[PDB]
Amino acid sequence: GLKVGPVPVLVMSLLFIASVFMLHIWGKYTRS
Amino acid sequence: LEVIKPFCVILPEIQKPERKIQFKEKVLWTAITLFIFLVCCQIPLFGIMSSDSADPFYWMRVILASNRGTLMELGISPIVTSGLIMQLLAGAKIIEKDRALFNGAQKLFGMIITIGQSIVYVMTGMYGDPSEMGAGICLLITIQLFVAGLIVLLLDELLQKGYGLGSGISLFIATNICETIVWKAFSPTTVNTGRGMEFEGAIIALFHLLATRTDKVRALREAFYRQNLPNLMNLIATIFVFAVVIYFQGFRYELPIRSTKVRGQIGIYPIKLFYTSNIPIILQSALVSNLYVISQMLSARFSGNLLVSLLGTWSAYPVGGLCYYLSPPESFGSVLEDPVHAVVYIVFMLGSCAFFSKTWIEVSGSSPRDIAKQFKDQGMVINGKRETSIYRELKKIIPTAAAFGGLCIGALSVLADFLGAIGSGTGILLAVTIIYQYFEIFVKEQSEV
Amino acid sequence: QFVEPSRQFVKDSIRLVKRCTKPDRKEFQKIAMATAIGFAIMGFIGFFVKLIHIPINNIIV
Ligand SMILES: CC(=C\C=C\C(C)=C\[C@H](O)[C@@H](O)C[C@H](C)O)/C=C(C)/C=C/C(=O)O[C@H]1CCCC(=O)O[C@@H]([C@@H](C)C/C(C)=C/[C@@H](C)[C@H](O)C[C@@H](C)O)C/C=C(\C)C[C@@H]1C
């Protein structure tokens with residue numbers, strides 16, 4: 001079991017946010 | 001144990017804070033957690049073809065801290081589902097290092113129910129028809145909601161393991177309610193209906209109306225009694241309800257108790273008037289929201305059935321049925337038009353809140369019997385009363401206190417709904433009670449210091 | 001019928017609220033200030049996040 005702290009949780013949340021943003025940007029760019 | 005042992009040690013887990021986190025750092029971590037929750041609440045999902053449909057779960061957006069079409073479409077749903085399923089398993093005794101196993105099992109079950117809920121949400125018709133999106137887009141939306149639910153669970157454990165204050169459910173619900181109120185009070189969005197630019201925020205609208213309009217009295221009237229957008233009467237009502245709930249939440253019956261085993265531990269035992277802190281509001285709001293959602297589903301699928309029609313008739317607000325008498329009146333003109341509906345709604349609110357409080361004191365171990373057992377455990381006899389009259393005084397105070405607290409909180413919700421305050425009675429009461437819980441945590445930490 | 005239990009409950013509630021420790025100004029001001037601070041924190045953080053993310057949502061969508 002991986003025991004992460006609060007900073008890893010914040011980093012994971014920011015990385016998921018960035019992944020969603022990159023998905024949106026990739027969709028917008030493949031539309032154009 | 002069973003065969004679920006391997007799978008309960010796969011999801012991430014939050015380590016103990018080792019030290020004791022100071023209140024300033026706990027506040028900072030709570031602020032970071034709510035900031036993450038809000039930021040993810042403002043980020044839309046990917047693959048949504050159209051959000052022009054009608055929200056099937058619109059009534060569970062305040063009680064679940066959700067936001068349609070975004071990463072927090074489910075909101076606090078994983079936490080609630082995991083807690084409910086684990087309570088069901090523990091009560092029926094199938095599943096009772098034990099703490100680590102319990103946490104792993106609750107995470108796994110919450111995430112499985114999160115996947116099921118994401119599938120249900122996709123199939124409800126929102127985001128467009130699930131056939132035009134395709135299996136790839138449906139799976140992508142499900143994966144995004146899965147990761148969002150995992151993040152929500154991680155934030156909840158971050159709050160509950162000692163890094164932050166309170167829990168994820170209360171923090172997120174209060175944050176959503178406060179954000180809604182502040183948006184309705186300060187939004188810069190302008191809606192034009194031919195008259196001119198009109199800010200949605202009540203205070204910004206007041207300032208713009210005063211600045212632009214040549215007739216200041218007319219601007220004041222149209223900014224205070226505005227009906228197309230939130231006005232200043234709504235804000236004044238919201239502040240007034242805040243004040244009254246704050247005043248009544250400080251009510252407490254202080255029982256002077258003294259220890260008999262360890263002499264010298266003289267203290268005070270306060271019995272608050274709001275004995276069940278916003279528990280009646282939570283129960284009533286959850287019941288009403290769920291009843292509304294299943295009523296909407298049944299009306300959409302089985303329109304015409306007498307059983308469905310009596311459950312509630314929907315136009316997206318009830319216009320008849322059992323779900324219509326459970327709804328706050330939109331305006332006082334509706335109260336004047338239909339007084340029977342208003343009377344039934346008031347009676348339902350008061351009775352349901354009182355009954356929920358009186359049931360919860362027994363269910364959660366807050367009845368005079370358990371408090372008397374605790375007093376016997378610590379020898380905490382009353383200074384004036386004898387050791388054989390603890391149960392009598394507890395029966396005198398606690399049941400009446402709980403019943404009247406439920407009655408008063410229901411009456412406050414009814415008053416906030418009748419005044420048309422921003423965020424309705426449910427949201428206002430939930431937010432203020434959660435903030436008071438955080439203030440109680442603060443004063444407890446200060447007392448420890 | 002049920003009039004007597006209701007009267008009993010009403011009288012018990014009146015006795016309770018009378019016997020209760022009603023907040024004074026020194027406590028009401030402190031509680032109101034704390035609630036205002038918490039409400040301001042959460043609501044304004046949400047308001048500013050929404051303000052920031054409206055143009056971001058327009059750009060990405
Ligand atoms: C106000 C509040 C919490 C605040 C808590 C506080 C402040 C706590 C503090 O810590 C405390 O210390 C404070 C102290 C006391 O002072 C409210 C709560 C918890 C509400 C829960 C709720 O509504 O939880 C339902 C929905 C859950 C999520 C979902 O949706 O789970 C579907 C899903 C699996 C399937 C689904 C999506 C079905 C469709 C058909 C519809 O959803 C129909 C449903 C609504 O029937 C299955 C449905 C289920 C389990 C029904 C559940 C009851």
# chains A, B, ... in the order shown; residues from 1 in each chain; ligands from 1
>>> interface_residues(of="chain C", to="chain A", cutoff="10 Å", atoms="only C-alpha atoms", output="PDB file with N, CA, C and O atoms, in the first residue's frame")
ATOM      1  N   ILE C  56     -10.779  30.699 -18.876  1.00  0.00           N
ATOM      2  CA  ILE C  56     -10.089  29.449 -19.176  1.00  0.00           C
ATOM      3  C   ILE C  56     -11.037  28.470 -19.855  1.00  0.00           C
ATOM      4  O   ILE C  56     -10.672  27.802 -20.829  1.00  0.00           O
ATOM      5  N   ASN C  57     -12.271  28.374 -19.354  1.00  0.00           N
ATOM      6  CA  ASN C  57     -13.258  27.506 -19.985  1.00  0.00           C
ATOM      7  C   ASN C  57     -13.603  27.989 -21.388  1.00  0.00           C
ATOM      8  O   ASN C  57     -13.809  27.177 -22.297  1.00  0.00           O
ATOM      9  N   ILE C  59     -11.554  29.575 -23.428  1.00  0.00           N
ATOM     10  CA  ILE C  59     -10.420  29.271 -24.297  1.00  0.00           C
ATOM     11  C   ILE C  59     -10.370  27.781 -24.618  1.00  0.00           C
ATOM     12  O   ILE C  59     -10.202  27.388 -25.778  1.00  0.00           O
ATOM     13  N   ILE C  60     -10.513  26.929 -23.602  1.00  0.00           N
ATOM     14  CA  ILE C  60     -10.412  25.493 -23.847  1.00  0.00           C
ATOM     15  C   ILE C  60     -11.675  24.952 -24.511  1.00  0.00           C
ATOM     16  O   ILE C  60     -11.620  23.939 -25.217  1.00  0.00           O
ATOM     17  N   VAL C  61     -12.815  25.595 -24.306  1.00  0.00           N
ATOM     18  CA  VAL C  61     -14.071  25.154 -24.903  1.00  0.00           C
ATOM     19  C   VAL C  61     -14.750  26.303 -25.629  1.00  0.00           C
ATOM     20  O   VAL C  61     -14.391  26.638 -26.758  1.00  0.00           O
TER      21      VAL C  61
END
>>> residues_near_ligand(ligand="ligand 1", cutoff="6 Å", atoms="only C-alpha atoms and all ligand atoms", output="JSON, numbers by chain")
{"B": [63, 77, 80, 81, 113, 117, 120, 167, 169, 170, 277, 278, 279, 282, 286, 290, 293, 294]}
>>> select_by_dssp(residues="segment 267-340 of chain B", states="helix (DSSP H, G or I)", output="PyMOL selection string")
chain B and resi 279-301+306-311+332-337+339-340
>>> residues_around(residues="segment 3-17 of chain B", least_positions_apart="6", cutoff="8 Å", atoms="only C-alpha atoms", output="list in words")
residues 1, 2, 3, 4, 5 and 6 of chain A; 101, 103, 104, 105, 107, 108, 154, 157, 158, 161, 162 and 163 of chain B
>>> write_last_selection(atoms="N, CA, C and O atoms", output="CSV table (one decimal), in the first residue's frame")
chain,number,residue,atom,x,y,z
A,1,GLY,N,0.8,-1.2,0.0
A,1,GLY,CA,0.0,0.0,0.0
A,1,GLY,C,0.8,1.3,0.0
A,1,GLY,O,1.7,1.5,0.9
A,2,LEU,N,0.6,2.1,-1.0
A,2,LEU,CA,1.4,3.4,-1.1
A,2,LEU,C,0.8,4.4,-0.1
A,2,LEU,O,-0.4,4.7,-0.2
A,3,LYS,N,1.6,4.9,0.7
A,3,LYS,CA,1.2,5.9,1.7
A,3,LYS,C,1.8,7.3,1.3
A,3,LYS,O,2.9,7.6,1.6
A,4,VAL,N,1.0,8.0,0.6
A,4,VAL,CA,1.4,9.4,0.2
A,4,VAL,C,1.0,10.4,1.2
A,4,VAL,O,0.1,10.1,2.1
A,5,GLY,N,1.6,11.6,1.2
A,5,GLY,CA,1.3,12.7,2.0
A,5,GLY,C,0.3,13.7,1.4
A,5,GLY,O,-0.2,13.4,0.3
A,6,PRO,N,0.1,14.8,2.0
A,6,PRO,CA,-0.8,15.8,1.4
A,6,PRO,C,-0.2,16.5,0.2
A,6,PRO,O,-0.9,16.8,-0.7
B,101,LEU,N,-7.5,-2.6,6.8
B,101,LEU,CA,-8.4,-3.4,5.9
B,101,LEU,C,-9.8,-2.7,5.7
B,101,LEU,O,-10.3,-2.7,4.6
B,103,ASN,N,-10.3,0.6,5.8
B,103,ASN,CA,-10.1,1.7,4.9
B,103,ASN,C,-10.0,1.3,3.5
B,103,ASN,O,-10.5,1.9,2.6
B,104,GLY,N,-9.2,0.2,3.2
B,104,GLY,CA,-9.0,-0.3,1.9
B,104,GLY,C,-10.4,-0.8,1.3
B,104,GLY,O,-10.7,-0.5,0.1
B,105,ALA,N,-11.1,-1.5,2.1
B,105,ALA,CA,-12.4,-2.0,1.6
B,105,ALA,C,-13.4,-0.8,1.3
B,105,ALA,O,-14.1,-0.9,0.3
B,107,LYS,N,-12.6,2.2,0.5
B,107,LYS,CA,-12.1,2.9,-0.8
B,107,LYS,C,-12.5,2.1,-2.0
B,107,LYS,O,-13.0,2.6,-3.0
B,108,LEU,N,-12.3,0.8,-2.0
B,108,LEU,CA,-12.6,-0.1,-3.1
B,108,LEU,C,-14.1,0.0,-3.4
B,108,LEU,O,-14.5,0.1,-4.6
B,154,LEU,N,-9.3,11.0,-1.7
B,154,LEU,CA,-8.0,11.4,-1.2
B,154,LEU,C,-8.1,12.7,-0.4
B,154,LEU,O,-7.5,12.8,0.7
B,157,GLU,N,-9.8,11.9,3.0
B,157,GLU,CA,-8.9,11.3,4.0
B,157,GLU,C,-7.8,12.4,4.4
B,157,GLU,O,-7.4,12.4,5.6
B,158,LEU,N,-7.4,13.3,3.5
B,158,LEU,CA,-6.5,14.3,3.9
B,158,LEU,C,-7.1,15.2,5.0
B,158,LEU,O,-6.5,15.6,6.0
B,161,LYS,N,-7.6,12.5,8.4
B,161,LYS,CA,-6.5,11.9,9.1
B,161,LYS,C,-5.7,12.9,9.9
B,161,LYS,O,-4.7,12.5,10.6
B,162,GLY,N,-6.1,14.2,10.0
B,162,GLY,CA,-5.5,15.2,10.8
B,162,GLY,C,-4.8,16.3,10.1
B,162,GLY,O,-4.3,17.2,10.8
B,163,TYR,N,-4.7,16.2,8.8
B,163,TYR,CA,-4.1,17.3,8.0
B,163,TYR,C,-5.0,18.6,7.9
B,163,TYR,O,-4.5,19.7,7.9
>>> residues_around(residues="residue 446 of chain B", least_positions_apart="5", cutoff="10 Å", atoms="only C-alpha atoms", output="VMD selection string")
chain B and resid 23 440 to 441
>>> write_last_selection(atoms="C-alpha atoms", output="short mmCIF file (atom, residue, chain, number, x, y, z; two decimals), in the first residue's frame")
data_model
loop_
_atom_site.label_atom_id
_atom_site.label_comp_id
_atom_site.auth_asym_id
_atom_site.auth_seq_id
_atom_site.Cartn_x
_atom_site.Cartn_y
_atom_site.Cartn_z
CA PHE B 23 -4.45 24.87 13.78
CA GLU B 440 -16.22 24.74 17.69
CA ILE B 441 -13.15 22.83 16.49
#
>>> interface_residues(of="chain C", to="chain B", cutoff="9 Å", atoms="only C-alpha atoms", output="PyMOL selection string")
chain C and resi 9-10+12-13+16-17+19-23+27-28+31-32+34-36+38-47+49-51+53-54+56-57+61
>>> closest_residue(among="B:257, B:319, B:209, B:45", to="residue 393 of chain B", atoms="only C-alpha atoms")
B:257
>>> select_by_dssp(residues="segment 101-279 of chain B", states="strand (DSSP E)", output="short mmCIF file (atom, residue, chain, number, x, y, z; two decimals) with C-alpha atoms, in the first residue's frame")
data_model
loop_
_atom_site.label_atom_id
_atom_site.label_comp_id
_atom_site.auth_asym_id
_atom_site.auth_seq_id
_atom_site.Cartn_x
_atom_site.Cartn_y
_atom_site.Cartn_z
CA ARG B 252 -27.01 25.73 25.55
CA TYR B 253 -28.11 24.20 28.85
CA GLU B 254 -24.96 24.14 30.98
CA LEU B 255 -25.02 21.21 33.41
CA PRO B 256 -22.49 21.71 36.24
CA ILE B 257 -20.86 18.28 36.60
CA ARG B 258 -18.20 17.14 39.07
CA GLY B 267 -16.10 21.24 34.65
CA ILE B 268 -19.19 22.02 32.61
CA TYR B 269 -21.32 19.83 30.31
CA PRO B 270 -23.21 21.96 27.77
CA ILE B 271 -26.45 20.65 26.26
CA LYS B 272 -27.01 22.74 23.14
#
>>> closest_residue(among="B:111, B:419, B:151, B:326", to="residue 10 of chain A", atoms="only C-alpha atoms")
B:151
>>> atom_distance(atom1="atom CA of residue 191 of chain B", atom2="atom CA of residue 289 of chain B")
29.6 Å
>>> decode(residues="segment 33-55 of chain C", atoms="N, CA, C and O atoms", output="PDB file, in the first residue's frame")
ATOM      1  N   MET C  33     -18.476  36.974  13.987  1.00  0.00           N
ATOM      2  CA  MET C  33     -17.233  37.288  13.292  1.00  0.00           C
ATOM      3  C   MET C  33     -16.577  36.031  12.740  1.00  0.00           C
ATOM      4  O   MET C  33     -16.098  36.023  11.601  1.00  0.00           O
ATOM      5  N   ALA C  34     -16.548  34.954  13.529  1.00  0.00           N
ATOM      6  CA  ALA C  34     -15.952  33.710  13.048  1.00  0.00           C
ATOM      7  C   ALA C  34     -16.731  33.143  11.866  1.00  0.00           C
ATOM      8  O   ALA C  34     -16.137  32.693  10.875  1.00  0.00           O
ATOM      9  N   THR C  35     -18.064  33.158  11.951  1.00  0.00           N
ATOM     10  CA  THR C  35     -18.879  32.662  10.846  1.00  0.00           C
ATOM     11  C   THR C  35     -18.700  33.519   9.601  1.00  0.00           C
ATOM     12  O   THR C  35     -18.631  32.992   8.485  1.00  0.00           O
ATOM     13  N   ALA C  36     -18.627  34.841   9.771  1.00  0.00           N
ATOM     14  CA  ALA C  36     -18.394  35.724   8.637  1.00  0.00           C
ATOM     15  C   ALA C  36     -17.037  35.457   8.006  1.00  0.00           C
ATOM     16  O   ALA C  36     -16.910  35.452   6.779  1.00  0.00           O
ATOM     17  N   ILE C  37     -16.012  35.221   8.828  1.00  0.00           N
ATOM     18  CA  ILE C  37     -14.683  34.934   8.295  1.00  0.00           C
ATOM     19  C   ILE C  37     -14.694  33.639   7.495  1.00  0.00           C
ATOM     20  O   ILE C  37     -14.158  33.578   6.381  1.00  0.00           O
ATOM     21  N   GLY C  38     -15.309  32.586   8.038  1.00  0.00           N
ATOM     22  CA  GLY C  38     -15.354  31.321   7.314  1.00  0.00           C
ATOM     23  C   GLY C  38     -16.150  31.409   6.025  1.00  0.00           C
ATOM     24  O   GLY C  38     -15.724  30.904   4.976  1.00  0.00           O
ATOM     25  N   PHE C  39     -17.321  32.053   6.085  1.00  0.00           N
ATOM     26  CA  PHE C  39     -18.135  32.247   4.893  1.00  0.00           C
ATOM     27  C   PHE C  39     -17.384  33.054   3.847  1.00  0.00           C
ATOM     28  O   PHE C  39     -17.399  32.707   2.662  1.00  0.00           O
ATOM     29  N   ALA C  40     -16.715  34.131   4.265  1.00  0.00           N
ATOM     30  CA  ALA C  40     -15.943  34.934   3.328  1.00  0.00           C
ATOM     31  C   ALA C  40     -14.840  34.107   2.690  1.00  0.00           C
ATOM     32  O   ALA C  40     -14.676  34.119   1.468  1.00  0.00           O
ATOM     33  N   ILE C  41     -14.099  33.345   3.501  1.00  0.00           N
ATOM     34  CA  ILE C  41     -13.024  32.510   2.970  1.00  0.00           C
ATOM     35  C   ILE C  41     -13.558  31.605   1.868  1.00  0.00           C
ATOM     36  O   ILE C  41     -13.148  31.702   0.704  1.00  0.00           O
ATOM     37  N   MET C  42     -14.509  30.732   2.213  1.00  0.00           N
ATOM     38  CA  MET C  42     -14.967  29.743   1.236  1.00  0.00           C
ATOM     39  C   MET C  42     -15.639  30.405   0.037  1.00  0.00           C
ATOM     40  O   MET C  42     -15.310  30.103  -1.119  1.00  0.00           O
ATOM     41  N   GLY C  43     -16.579  31.319   0.289  1.00  0.00           N
ATOM     42  CA  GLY C  43     -17.329  31.916  -0.800  1.00  0.00           C
ATOM     43  C   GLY C  43     -16.469  32.739  -1.737  1.00  0.00           C
ATOM     44  O   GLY C  43     -16.625  32.664  -2.955  1.00  0.00           O
ATOM     45  N   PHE C  44     -15.543  33.533  -1.191  1.00  0.00           N
ATOM     46  CA  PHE C  44     -14.697  34.358  -2.040  1.00  0.00           C
ATOM     47  C   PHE C  44     -13.636  33.539  -2.759  1.00  0.00           C
ATOM     48  O   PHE C  44     -13.286  33.869  -3.896  1.00  0.00           O
ATOM     49  N   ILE C  45     -13.122  32.469  -2.143  1.00  0.00           N
ATOM     50  CA  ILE C  45     -12.226  31.581  -2.878  1.00  0.00           C
ATOM     51  C   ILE C  45     -12.960  30.964  -4.062  1.00  0.00           C
ATOM     52  O   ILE C  45     -12.441  30.928  -5.185  1.00  0.00           O
ATOM     53  N   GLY C  46     -14.190  30.495  -3.837  1.00  0.00           N
ATOM     54  CA  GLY C  46     -14.973  29.958  -4.941  1.00  0.00           C
ATOM     55  C   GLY C  46     -15.281  30.999  -6.002  1.00  0.00           C
ATOM     56  O   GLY C  46     -15.228  30.713  -7.201  1.00  0.00           O
ATOM     57  N   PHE C  47     -15.605  32.220  -5.572  1.00  0.00           N
ATOM     58  CA  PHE C  47     -15.923  33.300  -6.498  1.00  0.00           C
ATOM     59  C   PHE C  47     -14.725  33.641  -7.377  1.00  0.00           C
ATOM     60  O   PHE C  47     -14.855  33.789  -8.599  1.00  0.00           O
ATOM     61  N   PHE C  48     -13.539  33.743  -6.773  1.00  0.00           N
ATOM     62  CA  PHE C  48     -12.343  34.051  -7.548  1.00  0.00           C
ATOM     63  C   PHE C  48     -11.933  32.889  -8.443  1.00  0.00           C
ATOM     64  O   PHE C  48     -11.457  33.115  -9.561  1.00  0.00           O
ATOM     65  N   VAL C  49     -12.113  31.647  -7.986  1.00  0.00           N
ATOM     66  CA  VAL C  49     -11.821  30.499  -8.842  1.00  0.00           C
ATOM     67  C   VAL C  49     -12.743  30.493 -10.054  1.00  0.00           C
ATOM     68  O   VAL C  49     -12.304  30.246 -11.185  1.00  0.00           O
ATOM     69  N   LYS C  50     -14.032  30.773  -9.843  1.00  0.00           N
ATOM     70  CA  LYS C  50     -14.969  30.852 -10.960  1.00  0.00           C
ATOM     71  C   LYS C  50     -14.594  31.977 -11.918  1.00  0.00           C
ATOM     72  O   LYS C  50     -14.641  31.803 -13.142  1.00  0.00           O
ATOM     73  N   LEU C  51     -14.220  33.140 -11.376  1.00  0.00           N
ATOM     74  CA  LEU C  51     -13.805  34.252 -12.228  1.00  0.00           C
ATOM     75  C   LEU C  51     -12.584  33.886 -13.057  1.00  0.00           C
ATOM     76  O   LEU C  51     -12.502  34.231 -14.241  1.00  0.00           O
ATOM     77  N   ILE C  52     -11.611  33.208 -12.446  1.00  0.00           N
ATOM     78  CA  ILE C  52     -10.410  32.809 -13.173  1.00  0.00           C
ATOM     79  C   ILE C  52     -10.752  31.792 -14.256  1.00  0.00           C
ATOM     80  O   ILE C  52     -10.244  31.869 -15.381  1.00  0.00           O
ATOM     81  N   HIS C  53     -11.622  30.835 -13.941  1.00  0.00           N
ATOM     82  CA  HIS C  53     -11.868  29.713 -14.836  1.00  0.00           C
ATOM     83  C   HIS C  53     -12.913  29.990 -15.907  1.00  0.00           C
ATOM     84  O   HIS C  53     -13.053  29.175 -16.824  1.00  0.00           O
ATOM     85  N   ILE C  54     -13.651  31.094 -15.826  1.00  0.00           N
ATOM     86  CA  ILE C  54     -14.572  31.426 -16.914  1.00  0.00           C
ATOM     87  C   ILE C  54     -13.789  31.669 -18.207  1.00  0.00           C
ATOM     88  O   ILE C  54     -14.074  31.000 -19.213  1.00  0.00           O
ATOM     89  N   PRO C  55     -12.802  32.578 -18.248  1.00  0.00           N
ATOM     90  CA  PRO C  55     -12.020  32.718 -19.487  1.00  0.00           C
ATOM     91  C   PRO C  55     -11.258  31.462 -19.860  1.00  0.00           C
ATOM     92  O   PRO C  55     -11.102  31.176 -21.053  1.00  0.00           O
TER      93      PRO C  55
END
